[PDB]
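What follows is a short report on a single structure.
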Amino acid sequence: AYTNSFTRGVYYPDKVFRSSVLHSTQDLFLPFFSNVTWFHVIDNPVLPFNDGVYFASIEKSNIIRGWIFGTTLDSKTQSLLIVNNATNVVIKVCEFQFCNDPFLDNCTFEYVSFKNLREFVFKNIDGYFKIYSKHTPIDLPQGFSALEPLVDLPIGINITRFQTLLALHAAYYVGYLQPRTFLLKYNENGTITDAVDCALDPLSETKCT
Amino acid sequence: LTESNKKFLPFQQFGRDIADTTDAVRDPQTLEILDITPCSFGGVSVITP
Ligand SMILES: *[C@@H]1O[C@H](CO)[C@@H](O[C@@H]2O[C@H](CO)[C@@H](O)[C@H](O)[C@H]2NC(C)=O)[C@H](O)[C@H]1NC(C)=O
Ligand SMILES: *[C@@H]1O[C@H](CO)[C@@H](O)[C@H](O)[C@H]1NC(C)=O
Ligand SMILES: *[C@@H]1O[C@H](CO)[C@@H](O)[C@H](O)[C@H]1NC(C)=O
Ligand SMILES: *[C@@H]1O[C@H](CO)[C@@H](O)[C@H](O)[C@H]1NC(C)=O
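Chains A and C, in that order, give the protein sequences.
According to the deposited numbering, the residues represented by the first sequence are 27 to 68, 80 to 142, 165 to 172, 186 to 210, 215 to 245, 263 to 302, in order.
The deposited numbering puts the first residue of the second sequence at 552, with every later residue one more than the last.
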């Protein structure tokens with residue numbers, strides 16, 4: 027299935043603070059009102086990573102508990118698995134295959172930490201897996221929000237595909270990033286309060302110019 | 552360096568002016584924000600008969 031992005035997926039591109047200053051930048055980003063792939067759990082198939090992955094999932098019980106990020110995803114590559122068990126967000130790159138039905142009940168890296189909304193943006197530059205994420209309770217919310225880089229992985233590990241995971245003893266949305274020019278609204282306390290995608294409409298280019 | 556009370560976001564290590572000149576930094580020893588103003592100068596004029 028498919029739906030609309032609804033001005034979501036905007037993250038902080040730089041750590042520059044600006045107070046009441048409108049700043050324009052070019053970076054890989056989700057396009058505004060872009061088409062995002064929708065799957066409802068009855080499935081969790083294998084999808085390509087492309088240049089970037091935008092992820093959004095709204096579950097009250099958080100049925101989605103894990104993701105796996107690997108090039109071939111058949112224990113032939115260092116598949117980055119990010120699985121949240123209990124309150125501990127656990128990140129590993131093991132070459133051990135998971136269960137036959139992918140649900141929760165060579166590990167060169169280990170990090171251990186519809187009410188609820190979780191938004192994610194994944195991209196991989198020079199091996200550093202960059203995750204812009206947000207967790208807050210509330215298809216997609218229409219209001220604007222700014223995603224923060226909650227974690228930035230120093231793993232240095234090449235990834236070209238991904239697959240989400242479930243848990244048993263969920264509606265999620267998958268989008269792809271694009272090179273787009275934005276205009277960003279930094280408020281008095283540096284929070285990005287508004288965003289304009291220049292490659293959307295001519296009013297947006299007039300605001301960008 | 553000043554006794555600034557600027558409030559930064561926790562990921563934001565630096566800041567810039569309207570002309571993108573760096574005006575405030577996050578000190579690694581003390582995570583409060585210090586505004587940076589480079590030192591005074593000016594032209595020199597000689598008033599003489
Ligand atoms: C949740 O998963 C993590 C990942 O294994 C478990 O926590 C750590 O597991 C490693 C693996 O050997 C240990 O070396 C650490 O000592 C564990 N603790 C911490 C704080 O890092 C954890 O046990 C799992 N929780 C449950 C309930 O299964
Ligand atoms: C996305 O594509 C699907 C199928 O091609 C279509 O039904 C849907 O309306 C599209 N959504 C947008 C926002 O273009
Ligand atoms: C990552 O691995 C895939 C699969 O082996 C390969 O096609 C791709 O070129 C690799 N990328 C880098 C940057 O090594
Ligand atoms: C910014 O932070 C200050 C801290 O004193 C607060 O008073 C203010 O409400 C915040 N928001 C804006 C929009 O200024």
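From the three backbone atoms N, C-alpha and C, an ideal C-beta is built for every residue, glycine too.
query, result
"C:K558 beta carbon near ligand 4 (any heavy atom closer than 7 Å)", "yes"
"Identity of the residue in A:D40, A:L84 and A:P272 nearest A:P57 by Cα", "A:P272"
"Within-8 Å CB hit, C:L582 to chain A", "no"
"Residues that A:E96 contacts on chain C, provided the C-beta gap is smaller than 7 Å", "Under the 7 Å cutoff, chain C gives no residues; its nearest Cβ is about 27 Å from A:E96."
"Selection of the stretch 553–571 of chain C by Cβ proximity to chain A, strictly under 9 Å", "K557, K558, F559, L560, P561, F562, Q563, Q564, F565, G566, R567, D568, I569 and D571"
"Contact set between A:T284 and chain C, taken where Cβ atoms lie within less than 9 Å", "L560"
"Cβ-Cβ distance between A:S94 and A:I101 below 8 Å", "yes"
"Proximity of A:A243 and A:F275 at Cβ, strictly below 8 Å", "no"
"C:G594, buried or exposed, once every other Cβ within 10 Å from all chains shown has been counted against 16", "exposed"
"Range covered by the beta strand (DSSP E) that runs through A:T208", "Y200 to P209"
"Residues within the stretch 37–50 of chain A neighbouring chain C, beta-carbon criterion of under 9 Å", "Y38, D40, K41, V42, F43, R44, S45, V47 and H49"
"Any non-hydrogen atom of ligand 6 closer than 7 Å to C:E583 Cβ", "No copy of ligand 6 occurs in the structure displayed; its ligands are ligand 1, ligand 2, ligand 3 and ligand 4 alone."
"Coil, strand or helix - A:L216 by DSSP", "coil"
"Selected residue, minimal CA-CA separation from residue 175 of chain A, among A:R44, A:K113 and A:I203", "The gap in chain A between 172 and 186 takes in residue 175 of chain A, so it carries no coordinates here."
"N-terminal and C-terminal residue of the beta strand (DSSP E) that A:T299 is part of", "A:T299 -> not in any beta strand (DSSP E); alpha helix (DSSP H) instead, spanning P295 to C301."
"Distance, A:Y91 Cα to A:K195 Cα", "9 Å"
"A:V227: CB within 7 Å of a non-hydrogen atom of ligand 1", "no"
"Simplified DSSP assignment, three categories, for C:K558", "coil"
"A:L277, buried or exposed, once every other Cβ within 10 Å from all chains shown has been counted against 16", "buried"
"For A:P225, the three-state DSSP class (helix, strand or coil)", "strand"
"Neighbourhood of A:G89 by C-beta distance below 6 Å, restricted to the same chain and skipping five residues each side", "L54, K195 and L270"
"Closest by C-alpha distance to C:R567, when choosing among C:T553, C:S555, C:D586 and C:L552", "C:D586"
"Continuous beta strand (DSSP E) stretch holding A:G268: start and end", "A264 to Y269"
"Cutoff 6 Å; reference C:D578; Cβ partners in own chain excluding five residues on either side", "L585"
"DSSP state of A:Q239 mapped onto helix, strand, coil", "strand"
"Given 8 Å, three or more beta-carbon pairs between the stretch 218–225 of chain A and the stretch 116–131 of chain A", "no"
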